[PDB]
Novice: 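Following this message is one structure expressed as structure tokens.
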Amino acid sequence: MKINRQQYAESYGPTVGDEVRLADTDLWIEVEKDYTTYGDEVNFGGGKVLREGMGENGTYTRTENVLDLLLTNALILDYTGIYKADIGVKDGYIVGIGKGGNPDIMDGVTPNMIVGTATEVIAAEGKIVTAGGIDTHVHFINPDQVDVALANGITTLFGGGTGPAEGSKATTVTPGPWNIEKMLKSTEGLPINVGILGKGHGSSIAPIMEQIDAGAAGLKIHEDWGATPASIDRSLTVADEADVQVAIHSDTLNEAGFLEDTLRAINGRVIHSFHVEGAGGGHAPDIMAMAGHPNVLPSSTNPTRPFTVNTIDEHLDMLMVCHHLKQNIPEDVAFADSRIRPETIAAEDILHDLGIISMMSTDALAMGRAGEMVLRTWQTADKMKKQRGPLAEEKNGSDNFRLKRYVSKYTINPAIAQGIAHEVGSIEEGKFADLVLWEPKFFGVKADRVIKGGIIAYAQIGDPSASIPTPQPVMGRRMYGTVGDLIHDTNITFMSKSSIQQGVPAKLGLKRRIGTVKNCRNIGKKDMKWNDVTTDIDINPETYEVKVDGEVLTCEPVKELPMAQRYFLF
Amino acid sequence: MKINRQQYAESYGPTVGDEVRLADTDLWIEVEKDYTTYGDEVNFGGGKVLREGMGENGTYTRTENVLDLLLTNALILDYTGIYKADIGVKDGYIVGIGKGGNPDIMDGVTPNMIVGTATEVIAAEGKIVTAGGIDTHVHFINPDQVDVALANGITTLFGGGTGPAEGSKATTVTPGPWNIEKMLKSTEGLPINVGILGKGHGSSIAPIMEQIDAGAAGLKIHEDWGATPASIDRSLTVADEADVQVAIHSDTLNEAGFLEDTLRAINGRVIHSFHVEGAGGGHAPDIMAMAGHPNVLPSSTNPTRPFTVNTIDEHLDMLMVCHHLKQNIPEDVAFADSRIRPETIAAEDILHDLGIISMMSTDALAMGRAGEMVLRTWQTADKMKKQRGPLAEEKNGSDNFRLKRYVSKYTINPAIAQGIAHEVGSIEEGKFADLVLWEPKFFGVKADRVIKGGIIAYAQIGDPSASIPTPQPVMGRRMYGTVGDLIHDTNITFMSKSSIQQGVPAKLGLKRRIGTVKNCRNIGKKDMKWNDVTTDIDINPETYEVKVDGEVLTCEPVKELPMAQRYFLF
Amino acid sequence: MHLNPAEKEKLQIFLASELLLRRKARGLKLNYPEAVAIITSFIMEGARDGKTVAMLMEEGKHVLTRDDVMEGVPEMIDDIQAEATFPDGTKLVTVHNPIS
Amino acid sequence: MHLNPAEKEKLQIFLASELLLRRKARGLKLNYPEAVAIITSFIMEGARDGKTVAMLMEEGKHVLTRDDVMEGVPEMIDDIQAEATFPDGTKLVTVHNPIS
Amino acid sequence: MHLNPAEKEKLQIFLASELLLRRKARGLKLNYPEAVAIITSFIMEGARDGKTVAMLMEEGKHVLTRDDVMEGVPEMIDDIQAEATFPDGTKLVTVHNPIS
Amino acid sequence: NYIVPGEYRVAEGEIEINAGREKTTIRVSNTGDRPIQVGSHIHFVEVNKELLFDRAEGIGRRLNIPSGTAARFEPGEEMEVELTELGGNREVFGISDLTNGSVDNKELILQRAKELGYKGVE
Ligand code: NI
Ligand code: NI
Ligand code: NI
Ligand code: NI
Ligand SMILES: [O-]
Ligand SMILES: [O-]
């Protein structure tokens with residue numbers, strides 16, 4: 001007996017060679033391989049396969065190769081591949097990617113993916129499953145930002161802040177041991193993974209280091225606290241000892257130095273360059289040249305992503321508002337014109353497409369949108385396909401290469417940069433089960449279900465008073481993973497090794513899973529998955545024109561984006 | 001180089017001699033003194049002063065005179081003065097009021113107000129900063145009342161109740177050891193300071209005292225439980241032993257005695273007379289005479305504040321509704337007419353202005369508005385200025401004397417009355433950092449940011465999905481201080497000495513900061529800041545006319561108030 | 001806008017009144033929550049208009065009559081209470097037996 | 001509908017604008033939150049209509065004039081900010097000194 | 001009013017429908033959440049009117065046509081589901097393929 | 001009597017900044033090809049290497065401009081600025097690591113500045 005492919009895909013999700021459109025973009029992903037055995041697909045429901053003695057094993061206890069959770073028939077989109085598989089979760093971690101069910105009667109069952117008495121089932125047939133997004137540029141300003149992030153598939157927030165204090169409203173900084181302690185305690189109630197950055201400023205080591213020992217997961221150098229050669233230097237000396245990452249927002253004003261001076265202070269050490277294009281901050285006009293260097297892990301923030309017809313007008317005014325600049329003061333106008341540049345924003349689209357900018361991030365509530373990192377990643381990829389064509393590396397007419405390049409920007413690469421990719425950032429065996437299901441029609445726009453540590457934390461679901469969960473209003477809602485003490489077991493607080501060794505979690509009564517930051521200082525651009533290009537980026541100081549390999553990088557702004565007015569009520 | 005005053009005030013907030021209008025009132029406050037050194041003002045942002053090696057010190061660790069938080073350029077309005085200063089906070093407490101920054105390079109830096117690596121910054125330039133309001137007449141009826149209170153700048157709720165039980169709906173009482181224990185546990189989740197009152201009723205000591213030992217912070221005598229000479233007496237005997245305050249709502253019915261009988265039972269002991277005007281309750285018609293006595297700490301509740309054209313109609317009917325009175329039953333009509341009196345409500349405005357009524361409070365959800373204590377204080381002061389002129393004590397054309405008299409009514413005086421002014425009630429070094437920032441245009445109407453224990457707990461802030469926090473909708477929202485375990489460190493549960501000594505917090509697993517009630521029994525009217533007047537208040541039993549020093553106290557009701565329809569959507 | 005908690009809540013009363021008014025306009029006899037919403041919003045809008053508490057206590061008894069509502073609804077509503085910002089600040093209005 | 005947090009919140013701005021518009025239509029001078037609501041909803045609806053950020057920065061200054069609002073309201077509103085989904089995705093509009 | 005959780009939530013559907021209807025009236029092709037809101041509110045108001053479940057399953061397929069909505073919206077909406085209080089209590093209505 | 005809620009009514013007179021401190025006017029040139037903007041409270045000798053001026057005249061000093069403001073030098077732009085004296089302990093640490101102690105140690109500051117290529121050490 002044979003099933004035609006249309007009907008097969010309708011029932012089980014797509015299989016090898018089938019393509020799926022990402023939302024209303026022109027991007028198509030193709031199933032590269034499939035772990036199933038045709039005819040022995042797992043599924044759950046009335047008269048379906050996962051029933052006792054059948055696809056559910058009735059013999060084994062939980063410890064004996066049985067899963068806590070099986071996601072059936074997932075289309076995985078990950079730096080590791082675009083492929084079809086069942087995903088098995090146990091003890092909050094991904095333990096198997098392969099083929100689930102019952103070895104009694106089924107062929108091809110991955111040995112530790114037994115569906116047993118202990119196993120919950122999520123049907124992922126017809127869904128795209130990705131890792132949870134890793135946002136490494138978060139200002140903790142308004143707790144209401146967490147659901148905004150979850151709704152667009154973000155599961156880890158790295159950054160700083162104490163709420164809507166001016167230091168925090170400008171900078172991803174939780175300063176000093178006491179503010180750090182307070183925010184670690186606050187984090188106990190946030191249903192998302194978190195890592196906190198201390199103030200990467202000082203001219204003596206001890207004031208900086210005591211933040212790491214207090215429980216910070218990294219540091220942020222920001223021009224608003226003095227992004228001087230000294231503060232750069234001391235922060236990196238601390239980071240090298242402590243094995244945490246340093247993020248930088250450099251001296252836009254070129255007050256104590258130009259880009260070359262900042263690079264000299266860095267002195268070849270590893271650093272994460274935030275909003276590397278520079279509208280979000282940095283040496284005017286040439287900061288984006290940082291992204292050519294091997295010791296730089298470069299991210300963009302999201303409002304410049306991608307270059308559109310309203311981008312410049314919007315940013316010029318956003319900057320004037322935020323800095324209380326006056327239109328009739330020439331120094332203010334000159335500053336803004338030196339910072340908001342179509343030449344560098346247009347090149348930023350292309351540098352993403354080329355794998356020269358490795359990461360996306362938000363800048364949530366300081367100069368960026370908490371719920372649009374994933375959204376704008378895909379809008380960028382779509383615009384680049386339209387303007388530059390399928391990349392040369394593509395096979396068939398799929399956009400798989402571009403899809404792996406771009407999914408890496410908000411999943412694995414930020415995780416590697418921050419020293420947390422042992423726990424999060426990809427769908428791989430041995431990593432925490434932070435998983436996002438998407439209906440293809442909503443892909444990158446609104447997540448269906450967000451799984452945190454193996455329990456659903458957030459979902460688009462309907463009327464709680466109804467007979468079934470699908471009647472209106474369907475809205476994003478916090479789920480049982482966020483309730484009671486389950487919020488502790490389904491989320492990770494990432495901390496420095498020294499704070500962990502010194503017993504900070506016990507001192508503060510932290511009940512969340514504690515994640516160790518490590519392996520941050522021994523990496524570089526080459527370690528950025530699918531986005532590992534080093535090159536000399538030249539930015540003309542007069543014209544702001546950007547060249548790579550002697551070619552001007554330019555593209556047009558677009559009037560319309562996908563993943564926009566078809567979907568949003570406002 | 002010189003800066004004109006208009007431009008100086010725009011940049012740094014006002015300085016010595018400058019005046020600021022309070023919201024849309026006719027009240028003006030004048031800066032009395034300024035701790036700054038002109039040219040060395042602290043500020044935070046791009047190219048601003050608080051940067052490493054500059055106004056931020058790069059050398060000192062947190063313990064070495066460095067702050068956790070600096071509020072820059074605050075205009076403080078407090079019983080202690082109306083003046084300009086930086087405010088330094090550390091370990092959740094106000095540790096310095098003066099001039100913050102870096103002694104390396106700045107003149108006039110208060111020695112323990114160093115901005116260092118550990119320091120967060122709130123910009124208070126152009127804001128008025130007050131202590132958090134202390135509401136001592138709270139019925140705990142509906143948890144949704146807490147945000148209502150925070151939004152109008154209240155930070156401590158003293159009172160009682162178990163929710164919308166009839167005892168609690170009438171009286172500020174959490175009765176008996178078990179209800180007290182339960183409500184201390186509930187308090188763990190309320191993002192505001194709290195103290196709980198037991199039932200001040202009984203004819204034996206032990207039933208009353210066991211409430212104090214269980215964790216009550218005071219007692220409430222209320223006519224609905226029998227405000228008899230015996231219950232008055234036993235409650236005050238308990239209070240004198242326990243060092244807690246007693247609040248009284250006296251026998252309106254004059255059933256067991258007239259005012260003189262209640263005073264005889266009090267027998268010169270200290271007591272807090274609630275809603276002393278009497279519309280809210282008490283010996284008809286002459287309860288307000290309590291406010292002349294030296295052992296009485298007199299407060300008003302808020303619906304009579306100030307006397308307006310709708311006040312009487314509204315109250316007469318409010319009373320009929322609440323007591324299920326019938327308009328065709330003469331005893332009911334006579335009772336209401338004996339209790340709701342324009343003569344005493346009009347005099348109450350004047351007694352406030354004279355410093356004879358020392359305190360404001362709400363009567364939240366029983367006969368008063370949880371979010372209008374601060375609001376109506378200022379509306380009263382404004383009406384009195386309009387009707388009685390600037391007070392004689394004023395200098396220049398400022399309203400500073402009246403402003404200090406009235407701010408005292410809802411900050412320091414209730415704190416002193418309840419035995420908690422060592423912790424809260426004013427902006428002074430050594431007190432808990434409960435601070436409210438106000439835009440002058442919204443002063444007394446809607447708080448900008450409410451700081452609790454040194455972390456923002458509540459703020460008027462906008463779209464959590466936006467690039468910056470100011471886009472619409474700007475609404476009051478709970479901030480990180482209220483989330484997770486940070487709610488424990490940013491709030492105080494006030495308790496009796498005996499309950500603390502007996503280990504109640506450990507027995508109940510209370511994690512909040514524990515505040516000790518003390519020094520309640522050795523105070524009197526003379527200890528009420530700016531509101532210390534004792535005098536013979538005569539209330540005519542036939543006409544209800546009020547006289548002080550042989551003069552009838554009367555004023556007209558007003559048709560319009562400031563801080564009203566310009567601001568509120570409903 | 002600086003919305004406080006009550007301003008946010010009270011928007012929902014206006015909305016429920018708008019809903020009920022549309023139901024009335026297409027000919028339906030109104031039910032208990034619809035009737036309460038209409039009268040409540042009327043009070044709040046009256047305060048905004050600058051009417052007195054006494055005027056609204058009177059007018060609130062003439063907004064809906066028994067033929068506007070389902071059987072039993074008049075007797076279900078003993079009173080309707082609303083607080084709103086008058087020119088002289090927040091006041092409570094109680095409309096007693098609004099529908100005879 | 002798949003409403004996200006911002007979509008839910010922003011419904012309330014539209015509602016507050018509808019309320020304010022009804023108040024204006026019956027002849028009231030509008031207050032601070034009413035004025036902000038009307039202009040904010042105007043921006044958001046403009047984005048939905050496909051206008052540019054620059055068009056809305058201009059138009060937002062002509063939605064209400066000082067005779068439409070109470071004394072002092074023009075000077076209370078330094079700017080009004082709103083984010084909405086334009087044809088080219090979410091953008092921020094700031095209308096500076098919307099009411100002269 | 002005694003609003004329960006569902007009554008509060010469902011007010012927001014009516015509001016979103018009112019918003020969408022205004023957008024349609026000024027000539028816009030409607031998007032996915034707008035279309036869903038309009039049809040959902042239609043079902044709920046139909047139940048209030050006393051129509052049957054079967055009537056609403058039929059009528060819900062004629063509220064919006066493809067020329068009323070953006071490209072792809074008809075194919076995005078497989079069905080719309082709503083529960084409302086009919087004369088005989090709460091019932092579920094599912095409108096299948098509401099826009100062809 | 002139009003009411004602007006929260007408005008100021010400032011006093012008469014003007015505010016003199018940095019009163020009683022020595023003032024010094026010096027010429028400064030941006031020899032680089034990118035703009036340099038300099039804040040009010042940076043130790044002036046430690047500014048960007050490519051600013052050319054008599055570096056000695058920046059020691060122990062900062063711009064005499066309102067707190068929190070900045071002076072801007074476009075590429076190739078030369079202009080005069082007015083400096084005031086640092087206060088407090090007159091020590092500077094960090095920034096460009098030219099001082100790290102008392103500003104009185106002019107010889108050491110200039111030696112370091114010269115060796116690192118801060119333009120204008122005479
Ligand atoms: Ni930045
Ligand atoms: Ni940022
Ligand atoms: Ni009382
Ligand atoms: Ni009371
Ligand atoms: O940023
Ligand atoms: O009361």
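In the text below, chain A, chain B and the rest are named by the order of the sequence lines, each starting its count at 1. In listed order, ligands and their atoms are each counted from 1.
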Novice: So does A/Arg305 pair up with A/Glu348, basic N to acidic O under 4.0 Å?
Specialist: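 A salt bridge links A/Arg305 with A/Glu348.
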Novice: Is the closest basic N to carboxylate O distance between B/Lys48 and A/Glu166 below 4.0 Å?
Specialist: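 No.
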Novice: Out of A/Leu259, A/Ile345, A/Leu351, which residue meets the side chain to side chain contact (heavy atoms under 4.5 Å, CB included) rule with A/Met288?
Specialist: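 Of all the options given, the one that passes is A/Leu351.
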Novice: What closest approach, in Å, do B/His272 and B/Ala417 show between heavy atoms, and which atom pair accounts for it?
Specialist: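 Closest heavy-atom pair between B/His272 and B/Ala417: ND1-CB, 4.4 Å.
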Novice: Going by the angle between their ring planes, with limits at 30° and 60°, are A/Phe140 and B/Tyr480 parallel, tilted or perpendicular?
Specialist: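 The arrangement is perpendicular - the two ring planes meet at more than 60°.
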Novice: In total, how many protein N/O/S atoms does one find closer than 2.8 Å to the Ni ion (ligand 1)?
Specialist: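 That number is 2, waters not included.
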Novice: Could you label the plane-to-plane angle of the A/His275 and A/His249 rings as parallel, tilted or perpendicular, counting under 30° as parallel and over 60° as perpendicular?
Specialist: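 Judged by the thresholds at 30° and 60°, the geometry between A/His275 and A/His249 is perpendicular.
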